[PDB]
Amino acid sequence: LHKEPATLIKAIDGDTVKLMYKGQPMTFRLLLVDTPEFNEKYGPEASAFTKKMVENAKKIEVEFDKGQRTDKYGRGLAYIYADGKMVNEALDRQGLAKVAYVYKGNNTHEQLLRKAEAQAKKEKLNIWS
Ligand SMILES: Cc1cn([C@H]2C[C@H](OP(=O)(O)O)[C@@H](COP(=O)(O)O)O2)c(=O)[nH]c1=O
Ligand SMILES: [Ca+2]
Ligand SMILES: [Ca+2]
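Residues numbered from 1 in each chain as written, not as in the entry; some residues may be left out. Chains lettered and ligands numbered in written order. Heavy atoms only, no water.

Colleague: Looking at this model, I keep getting lost on the overall build of the chain. Mind explaining?
Modeller: In terms of helices and strands, the chain carries three helices and eight strands. For the chain, the spread of C-alpha atoms along the principal axes amounts to about 40 × 30 × 25 Å. A buried classification covers 46% of the 129 residues belonging to the chain. A fraction of 63% describes how many contacts in the chain between residues 6 or more apart in sequence connect residues 24 or more apart. About 7,300 Å² of surface is accessible on the chain, with carbon and sulfur atoms providing 50% of the total. (Helix = DSSP H or I, 4+ residues; strand = E, 2+ residues; numbered from the N terminus. Buried < 20%, exposed > 50% of the residue type's maximum accessible area, 1.4 Å probe, protein only. Contact = heavy atoms within 4.5 Å. Areas by Shrake-Rupley, 256 points an atom, 1.4 Å probe, with all protein chains shown as cover.)

As structure tokens, then:
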């Protein structure tokens, strides 16, 4: 996989963010994770965590997997890095997201994210309280 530079437009919620990518606005849905909806428990906490992570990044990178690049709503499907730290993994590790929507094409970082989830689970963090 390869990391491509992108710039922030706006945070949306825990697992969705609007970036400029190749000079076009594009909403991105985070691969392999599901943060609670904003209107659910831990949703606000997930939204704030992702927002803080992307707004404080000097550098944002988009990393597509080997399968489909866009979902049925036209959102890019990617791993998103903020100063070299993967937002998908970070949410997982804090128990603000769970591993989800695991599809065969697009699962390069599955074991890593499950590893993160297991640690959050062990620590009974947030969602795993
Ligand atoms: C992570 C991911 C989500 N999605 C779609 C499935 C869900 O659409 P459906 O609601 O029609 O089932 C949606 C959930 O993400 P959001 O909740 O941010 O919209 O994103 C994919 O299609 N592939 C993916 O890899
Ligand atoms: Ca979302
Ligand atoms: Ca979600």
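Colleague: Honestly, the coordination of the calcium ion (ligand 2) in this entry has me stumped. Any pointers?
Modeller: Around a metal, the perfect tetrahedron of four donors has angles of 109.5 degrees, and the perfect octahedron of six donors has angles of 90 or 180 degrees. Coordination sphere of the calcium ion (ligand 2), protein contribution only: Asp 13 (OD), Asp 13 (OD), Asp 15 (OD) and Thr 16 (OG1), at 2.2 to 2.9 Å. Written as a sequence motif, the donor residues of the calcium ion (ligand 2) are D-x1-D-T. Here the calcium ion (ligand 2) and the calcium ion (ligand 3) are spaced 4.1 Å apart, with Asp 15 acting as a shared donor. Assessed through its relative accessible area of 11%, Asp 13 is described here as buried. (Donors = N, O, S within 2.8 Å, 3.2 Å for Na, K, Ca; no water.)

Colleague: Got a minute to help me understand the coordination of the calcium ion (ligand 3) in this structure?
Modeller: Looking at the calcium ion (ligand 3), the protein donor atoms are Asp 15 (OD), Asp 34 (OD) and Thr 35 (O), and they sit 2.3 to 2.5 Å from it. Taken in chain order, the donor set of the calcium ion (ligand 3) reads D-x18-D-T.

Colleague: How should I be thinking about the site of ligand 1 in this particular structure?
Modeller: Lining the immediate surroundings of ligand 1 are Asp 15, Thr 16, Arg 29, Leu 30, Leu 31, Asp 71, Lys 72, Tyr 73, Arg 75, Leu 77 and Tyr 101. One nitrogen or oxygen atom from the side chain of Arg 29 is found 2.8 Å from an oxygen atom belonging to ligand 1. The fraction of the free accessible surface of ligand 1 (560 Å²) that becomes covered by protein chains is 73%. Here the shell around ligand 1 is composed, by residue class, of five nonpolar, one polar and five charged. (Near = heavy atom within 4 Å. Polar contact = N/O pair within 3.5 Å; in protein donor to acceptor, adjacent residues only side chain to side chain. Nonpolar A, V, L, I, M, F, W, Y, C, P; charged D, E, K, R; others polar.)

Such coordinate-based values are descriptive only and should not be taken to indicate function.
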